[PDB]
$ cat query-v3.pdb   # PDB, C-alpha atoms
ATOM      1  CA  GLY S   1     -37.771 168.021 -64.692
ATOM      2  CA  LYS S   2     -39.966 171.343 -64.496
ATOM      3  CA  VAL S   3     -38.626 174.097 -62.327
ATOM      4  CA  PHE S   4     -41.396 176.610 -61.628
ATOM      5  CA  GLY S   5     -41.242 180.349 -61.575
ATOM      6  CA  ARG S   6     -42.440 182.146 -58.523
ATOM      7  CA  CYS S   7     -45.594 183.671 -60.005
ATOM      8  CA  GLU S   8     -46.383 180.581 -62.076
ATOM      9  CA  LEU S   9     -46.298 178.457 -58.951
ATOM     10  CA  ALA S  10     -48.415 180.966 -57.041
ATOM     11  CA  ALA S  11     -51.080 180.834 -59.777
ATOM     12  CA  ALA S  12     -51.026 177.039 -59.834
ATOM     13  CA  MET S  13     -51.339 176.876 -56.060
ATOM     14  CA  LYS S  14     -54.197 179.377 -56.121
ATOM     15  CA  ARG S  15     -56.017 177.260 -58.720
ATOM     16  CA  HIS S  16     -55.648 174.345 -56.327
ATOM     17  CA  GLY S  17     -57.232 176.297 -53.482
ATOM     18  CA  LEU S  18     -54.234 176.862 -51.196
ATOM     19  CA  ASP S  19     -54.776 180.596 -50.680
ATOM     20  CA  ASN S  20     -55.872 180.909 -46.986
ATOM     21  CA  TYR S  21     -56.214 177.085 -46.698
ATOM     22  CA  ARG S  22     -56.544 176.484 -42.932
ATOM     23  CA  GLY S  23     -55.513 180.065 -42.346
ATOM     24  CA  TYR S  24     -52.288 180.098 -44.359
ATOM     25  CA  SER S  25     -52.159 182.827 -47.020
ATOM     26  CA  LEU S  26     -50.763 181.951 -50.441
ATOM     27  CA  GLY S  27     -47.364 183.528 -49.845
ATOM     28  CA  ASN S  28     -46.657 181.024 -47.103
ATOM     29  CA  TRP S  29     -47.017 178.146 -49.563
ATOM     30  CA  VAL S  30     -44.819 179.777 -52.210
ATOM     31  CA  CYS S  31     -42.163 180.633 -49.577
ATOM     32  CA  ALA S  32     -42.185 177.057 -48.331
ATOM     33  CA  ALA S  33     -41.644 175.676 -51.818
ATOM     34  CA  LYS S  34     -38.878 178.172 -52.520
ATOM     35  CA  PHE S  35     -36.808 177.096 -49.541
ATOM     36  CA  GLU S  36     -37.688 173.404 -49.609
ATOM     37  CA  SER S  37     -36.912 172.699 -53.260
ATOM     38  CA  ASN S  38     -36.133 175.980 -55.027
ATOM     39  CA  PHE S  39     -39.231 175.265 -57.076
ATOM     40  CA  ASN S  40     -37.774 172.056 -58.600
ATOM     41  CA  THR S  41     -40.469 169.414 -58.999
ATOM     42  CA  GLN S  42     -37.834 166.645 -59.109
ATOM     43  CA  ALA S  43     -36.060 167.527 -55.893
ATOM     44  CA  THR S  44     -35.221 164.494 -53.783
ATOM     45  CA  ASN S  45     -33.367 164.413 -50.454
ATOM     46  CA  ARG S  46     -32.376 160.942 -49.181
ATOM     47  CA  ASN S  47     -31.940 160.939 -45.381
ATOM     48  CA  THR S  48     -29.816 158.669 -43.216
ATOM     49  CA  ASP S  49     -32.884 157.398 -41.274
ATOM     50  CA  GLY S  50     -34.036 155.578 -44.361
ATOM     51  CA  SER S  51     -36.643 158.125 -45.352
ATOM     52  CA  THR S  52     -36.636 160.405 -48.363
ATOM     53  CA  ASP S  53     -38.168 163.835 -48.990
ATOM     54  CA  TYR S  54     -39.869 164.179 -52.365
ATOM     55  CA  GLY S  55     -40.793 166.938 -54.742
ATOM     56  CA  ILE S  56     -41.513 170.620 -54.666
ATOM     57  CA  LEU S  57     -42.625 170.593 -51.016
ATOM     58  CA  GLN S  58     -40.178 167.876 -49.861
ATOM     59  CA  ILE S  59     -42.810 165.597 -48.378
ATOM     60  CA  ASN S  60     -41.314 162.799 -46.305
ATOM     61  CA  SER S  61     -41.781 159.071 -46.869
ATOM     62  CA  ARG S  62     -42.086 157.966 -43.237
ATOM     63  CA  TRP S  63     -45.555 159.356 -42.559
ATOM     64  CA  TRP S  64     -46.922 160.724 -45.860
ATOM     65  CA  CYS S  65     -46.201 158.757 -49.051
ATOM     66  CA  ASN S  66     -45.155 155.172 -49.799
ATOM     67  CA  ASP S  67     -41.790 154.489 -51.393
ATOM     68  CA  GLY S  68     -41.604 150.874 -50.152
ATOM     69  CA  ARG S  69     -38.169 151.412 -48.605
ATOM     70  CA  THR S  70     -38.923 153.479 -45.492
ATOM     71  CA  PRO S  71     -39.248 151.932 -42.016
ATOM     72  CA  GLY S  72     -42.417 152.703 -40.117
ATOM     73  CA  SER S  73     -44.310 153.871 -43.187
ATOM     74  CA  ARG S  74     -47.824 155.201 -42.551
ATOM     75  CA  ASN S  75     -48.680 156.451 -46.064
ATOM     76  CA  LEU S  76     -51.219 158.927 -44.731
ATOM     77  CA  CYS S  77     -51.594 160.678 -48.112
ATOM     78  CA  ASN S  78     -52.358 157.240 -49.704
ATOM     79  CA  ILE S  79     -49.999 157.799 -52.650
ATOM     80  CA  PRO S  80     -46.763 156.477 -54.041
ATOM     81  CA  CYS S  81     -43.948 158.953 -53.411
ATOM     82  CA  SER S  82     -43.244 158.972 -57.156
ATOM     83  CA  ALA S  83     -46.512 160.911 -57.613
ATOM     84  CA  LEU S  84     -44.818 163.776 -55.809
ATOM     85  CA  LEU S  85     -42.120 164.038 -58.536
ATOM     86  CA  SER S  86     -44.486 164.987 -61.313
ATOM     87  CA  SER S  87     -44.389 168.240 -63.270
ATOM     88  CA  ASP S  88     -48.080 168.585 -62.321
ATOM     89  CA  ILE S  89     -48.377 169.755 -58.693
ATOM     90  CA  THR S  90     -51.709 168.038 -57.981
ATOM     91  CA  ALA S  91     -50.486 165.224 -55.801
ATOM     92  CA  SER S  92     -48.133 167.487 -53.852
ATOM     93  CA  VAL S  93     -50.909 169.974 -53.146
ATOM     94  CA  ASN S  94     -53.365 167.316 -52.167
ATOM     95  CA  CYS S  95     -50.894 165.741 -49.757
ATOM     96  CA  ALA S  96     -49.871 169.142 -48.352
ATOM     97  CA  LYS S  97     -53.545 169.801 -47.545
ATOM     98  CA  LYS S  98     -53.647 166.462 -45.709
ATOM     99  CA  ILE S  99     -50.497 167.273 -43.741
ATOM    100  CA  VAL S 100     -52.061 170.459 -42.452
ATOM    101  CA  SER S 101     -55.427 168.681 -41.895
ATOM    102  CA  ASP S 102     -53.921 165.795 -39.897
ATOM    103  CA  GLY S 103     -53.079 168.085 -37.027
ATOM    104  CA  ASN S 104     -49.916 169.708 -38.240
ATOM    105  CA  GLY S 105     -49.612 173.327 -39.167
ATOM    106  CA  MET S 106     -47.094 174.531 -41.628
ATOM    107  CA  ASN S 107     -44.517 173.900 -38.895
ATOM    108  CA  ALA S 108     -44.318 170.447 -40.476
ATOM    109  CA  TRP S 109     -42.055 172.070 -43.087
ATOM    110  CA  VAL S 110     -38.671 172.879 -41.554
ATOM    111  CA  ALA S 111     -37.971 175.522 -44.217
ATOM    112  CA  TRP S 112     -41.261 177.269 -43.527
ATOM    113  CA  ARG S 113     -40.531 177.409 -39.777
ATOM    114  CA  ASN S 114     -36.948 178.565 -40.245
ATOM    115  CA  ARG S 115     -37.223 180.902 -43.299
ATOM    116  CA  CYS S 116     -40.845 182.006 -43.769
ATOM    117  CA  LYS S 117     -42.614 182.201 -40.408
ATOM    118  CA  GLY S 118     -42.853 185.779 -39.181
ATOM    119  CA  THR S 119     -41.678 187.349 -42.415
ATOM    120  CA  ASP S 120     -43.558 189.422 -44.975
ATOM    121  CA  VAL S 121     -44.690 186.419 -46.976
ATOM    122  CA  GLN S 122     -46.819 188.618 -49.269
ATOM    123  CA  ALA S 123     -43.541 189.471 -50.978
ATOM    124  CA  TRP S 124     -43.598 186.002 -52.540
ATOM    125  CA  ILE S 125     -46.754 186.847 -54.525
ATOM    126  CA  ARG S 126     -46.016 190.532 -55.157
ATOM    127  CA  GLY S 127     -46.225 191.525 -58.767
ATOM    128  CA  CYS S 128     -47.842 188.257 -59.879
ATOM    129  CA  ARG S 129     -50.925 187.795 -62.013
ATOM    130  CA  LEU S 130     -53.129 185.524 -59.892
TER     131      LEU S 130
END

$ encode --input "query-v3.pdb" --output "structure tokens"
Amino acid sequence: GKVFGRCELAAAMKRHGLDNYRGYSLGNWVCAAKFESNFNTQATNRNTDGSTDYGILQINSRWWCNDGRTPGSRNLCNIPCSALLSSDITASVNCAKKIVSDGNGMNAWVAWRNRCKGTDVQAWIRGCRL
């Protein structure tokens, strides 16, 4: 039930190589997490289409992770969705890298597109020890 701080999450994401991953600076990734889950690793959103969004980046169970419940499941990250609810961000980062890598940009994340794109995303790392 870990809720990250801004700078703590930025450092963790940097350690996992997300800074400038496929051209997306670190602040984009922190901004996305802020507006997807407000940094709560346990965040779960259960949709009416039978899919669920899991964890700090709200990764969806139709294409990305397997929860055994979701119609049309592709499990392209090859993981159980429960791995995305850990206090350790490893599985979420690894699956986020796949999302980007499997054709998508960060437009895959509705909160990134609607609340981060075009903004001064360096503000989300400002003042942090990285």

$ resolve_selection --input "query-v3.pdb" --expression "the PyMOL selection byres ((chain S and resi 43-52) around 8)" --output "VMD selection string"
chain S and resid 37 40 to 42 53 to 56 58 60 to 62 69 to 71 85

$ resolve_selection --input "query-v3.pdb" --expression "the PyMOL selection byres ((chain S and resi 30) around 10)" --output "JSON, numbers by chain"
{"S": [6, 7, 9, 10, 11, 13, 18, 25, 26, 27, 28, 29, 31, 32, 33, 34, 35, 36, 38, 39, 57, 112, 116, 121, 122, 123, 124, 125]}

$ resolve_selection --input "query-v3.pdb" --expression "the PyMOL selection byres ((chain S and resi 76-79) around 9)" --output "compact mmCIF listing (two decimals) with C-alpha atoms, in the coordinates of the input"
# COMPACT_ATOMS: atom_id res chain seq x y z
CA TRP S 63 -45.56 159.36 -42.56
CA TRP S 64 -46.92 160.72 -45.86
CA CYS S 65 -46.20 158.76 -49.05
CA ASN S 66 -45.16 155.17 -49.80
CA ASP S 67 -41.79 154.49 -51.39
CA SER S 73 -44.31 153.87 -43.19
CA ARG S 74 -47.82 155.20 -42.55
CA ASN S 75 -48.68 156.45 -46.06
CA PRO S 80 -46.76 156.48 -54.04
CA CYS S 81 -43.95 158.95 -53.41
CA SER S 82 -43.24 158.97 -57.16
CA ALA S 83 -46.51 160.91 -57.61
CA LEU S 84 -44.82 163.78 -55.81
CA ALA S 91 -50.49 165.22 -55.80
CA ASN S 94 -53.36 167.32 -52.17
CA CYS S 95 -50.89 165.74 -49.76
CA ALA S 96 -49.87 169.14 -48.35
CA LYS S 98 -53.65 166.46 -45.71
CA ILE S 99 -50.50 167.27 -43.74
CA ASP S 102 -53.92 165.80 -39.90

$ atom_distance --input "query-v3.pdb" --atom1 "CA of residue 107 in chain S" --atom2 "CA of residue 130 in chain S"
25.5 Å

$ atom_distance --input "query-v3.pdb" --atom1 "CA of residue 24 in chain S" --atom2 "CA of residue 101 in chain S"
12.1 Å

$ atom_distance --input "query-v3.pdb" --atom1 "CA of residue 20 in chain S" --atom2 "CA of residue 106 in chain S"
12.1 Å

$ closest_residue --input "query-v3.pdb" --among "S:59, S:23, S:16, S:86" --to "residue 1 in chain S" --atoms "all atoms listed in the file"
S:86

$ closest_residue --input "query-v3.pdb" --among "S:3, S:14, S:89, S:21" --to "residue 129 in chain S" --atoms "all atoms listed in the file"
S:14

$ closest_residue --input "query-v3.pdb" --among "S:17, S:118, S:127, S:72" --to "residue 93 in chain S" --atoms "all atoms listed in the file"
S:17

$ closest_residue --input "query-v3.pdb" --among "S:12, S:68, S:22, S:120" --to "residue 103 in chain S" --atoms "only C-alpha atoms"
S:22

$ build_atoms --input "query-v3.pdb" --residues "range 59-76 of chain S" --atoms "N, CA, C and O atoms" --output "PDB file, keeping the file's coordinate frame"
ATOM      1  N   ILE S  59     -41.956 166.376 -49.261  1.00  0.00           N
ATOM      2  CA  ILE S  59     -42.810 165.597 -48.378  1.00  0.00           C
ATOM      3  C   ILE S  59     -42.113 164.263 -48.079  1.00  0.00           C
ATOM      4  O   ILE S  59     -41.574 163.583 -48.953  1.00  0.00           O
ATOM      5  N   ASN S  60     -42.120 163.904 -46.793  1.00  0.00           N
ATOM      6  CA  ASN S  60     -41.314 162.799 -46.305  1.00  0.00           C
ATOM      7  C   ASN S  60     -42.052 161.438 -46.357  1.00  0.00           C
ATOM      8  O   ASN S  60     -43.221 161.356 -46.080  1.00  0.00           O
ATOM      9  N   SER S  61     -41.258 160.416 -46.651  1.00  0.00           N
ATOM     10  CA  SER S  61     -41.781 159.071 -46.869  1.00  0.00           C
ATOM     11  C   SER S  61     -42.043 158.269 -45.596  1.00  0.00           C
ATOM     12  O   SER S  61     -42.588 157.157 -45.728  1.00  0.00           O
ATOM     13  N   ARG S  62     -41.743 158.763 -44.405  1.00  0.00           N
ATOM     14  CA  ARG S  62     -42.086 157.966 -43.237  1.00  0.00           C
ATOM     15  C   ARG S  62     -43.578 158.081 -42.948  1.00  0.00           C
ATOM     16  O   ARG S  62     -44.205 157.060 -42.726  1.00  0.00           O
ATOM     17  N   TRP S  63     -44.146 159.280 -42.883  1.00  0.00           N
ATOM     18  CA  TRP S  63     -45.555 159.356 -42.559  1.00  0.00           C
ATOM     19  C   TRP S  63     -46.419 159.545 -43.811  1.00  0.00           C
ATOM     20  O   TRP S  63     -47.570 159.126 -43.693  1.00  0.00           O
ATOM     21  N   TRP S  64     -45.960 160.132 -44.928  1.00  0.00           N
ATOM     22  CA  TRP S  64     -46.922 160.724 -45.860  1.00  0.00           C
ATOM     23  C   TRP S  64     -47.119 159.957 -47.151  1.00  0.00           C
ATOM     24  O   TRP S  64     -48.236 159.891 -47.633  1.00  0.00           O
ATOM     25  N   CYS S  65     -46.068 159.457 -47.766  1.00  0.00           N
ATOM     26  CA  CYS S  65     -46.201 158.757 -49.051  1.00  0.00           C
ATOM     27  C   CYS S  65     -45.456 157.430 -48.951  1.00  0.00           C
ATOM     28  O   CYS S  65     -44.602 157.272 -48.105  1.00  0.00           O
ATOM     29  N   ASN S  66     -45.781 156.489 -49.838  1.00  0.00           N
ATOM     30  CA  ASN S  66     -45.155 155.172 -49.799  1.00  0.00           C
ATOM     31  C   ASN S  66     -44.075 155.066 -50.872  1.00  0.00           C
ATOM     32  O   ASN S  66     -44.351 155.223 -52.076  1.00  0.00           O
ATOM     33  N   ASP S  67     -42.861 154.819 -50.444  1.00  0.00           N
ATOM     34  CA  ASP S  67     -41.790 154.489 -51.393  1.00  0.00           C
ATOM     35  C   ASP S  67     -41.308 153.049 -51.221  1.00  0.00           C
ATOM     36  O   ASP S  67     -40.391 152.629 -51.933  1.00  0.00           O
ATOM     37  N   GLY S  68     -41.921 152.268 -50.359  1.00  0.00           N
ATOM     38  CA  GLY S  68     -41.604 150.874 -50.152  1.00  0.00           C
ATOM     39  C   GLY S  68     -40.320 150.535 -49.457  1.00  0.00           C
ATOM     40  O   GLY S  68     -40.026 149.354 -49.225  1.00  0.00           O
ATOM     41  N   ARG S  69     -39.510 151.540 -49.174  1.00  0.00           N
ATOM     42  CA  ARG S  69     -38.169 151.412 -48.605  1.00  0.00           C
ATOM     43  C   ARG S  69     -38.118 151.877 -47.152  1.00  0.00           C
ATOM     44  O   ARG S  69     -37.209 151.502 -46.424  1.00  0.00           O
ATOM     45  N   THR S  70     -39.066 152.680 -46.676  1.00  0.00           N
ATOM     46  CA  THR S  70     -38.923 153.479 -45.492  1.00  0.00           C
ATOM     47  C   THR S  70     -39.461 152.740 -44.283  1.00  0.00           C
ATOM     48  O   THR S  70     -40.631 152.297 -44.277  1.00  0.00           O
ATOM     49  N   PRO S  71     -38.690 152.564 -43.215  1.00  0.00           N
ATOM     50  CA  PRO S  71     -39.248 151.932 -42.016  1.00  0.00           C
ATOM     51  C   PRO S  71     -40.374 152.779 -41.414  1.00  0.00           C
ATOM     52  O   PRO S  71     -40.355 153.996 -41.421  1.00  0.00           O
ATOM     53  N   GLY S  72     -41.338 152.059 -40.848  1.00  0.00           N
ATOM     54  CA  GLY S  72     -42.417 152.703 -40.117  1.00  0.00           C
ATOM     55  C   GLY S  72     -43.425 153.434 -40.985  1.00  0.00           C
ATOM     56  O   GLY S  72     -44.162 154.293 -40.532  1.00  0.00           O
ATOM     57  N   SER S  73     -43.480 153.135 -42.255  1.00  0.00           N
ATOM     58  CA  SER S  73     -44.310 153.871 -43.187  1.00  0.00           C
ATOM     59  C   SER S  73     -45.791 153.873 -42.802  1.00  0.00           C
ATOM     60  O   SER S  73     -46.361 152.816 -42.523  1.00  0.00           O
ATOM     61  N   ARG S  74     -46.402 155.055 -42.783  1.00  0.00           N
ATOM     62  CA  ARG S  74     -47.824 155.201 -42.551  1.00  0.00           C
ATOM     63  C   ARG S  74     -48.658 155.518 -43.792  1.00  0.00           C
ATOM     64  O   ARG S  74     -49.853 155.288 -43.807  1.00  0.00           O
ATOM     65  N   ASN S  75     -48.026 156.055 -44.821  1.00  0.00           N
ATOM     66  CA  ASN S  75     -48.680 156.451 -46.064  1.00  0.00           C
ATOM     67  C   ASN S  75     -50.017 157.154 -45.851  1.00  0.00           C
ATOM     68  O   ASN S  75     -51.048 156.764 -46.387  1.00  0.00           O
ATOM     69  N   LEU S  76     -49.963 158.258 -45.089  1.00  0.00           N
ATOM     70  CA  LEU S  76     -51.219 158.927 -44.731  1.00  0.00           C
ATOM     71  C   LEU S  76     -51.807 159.713 -45.887  1.00  0.00           C
ATOM     72  O   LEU S  76     -53.016 159.988 -45.871  1.00  0.00           O
TER      73      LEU S  76
END
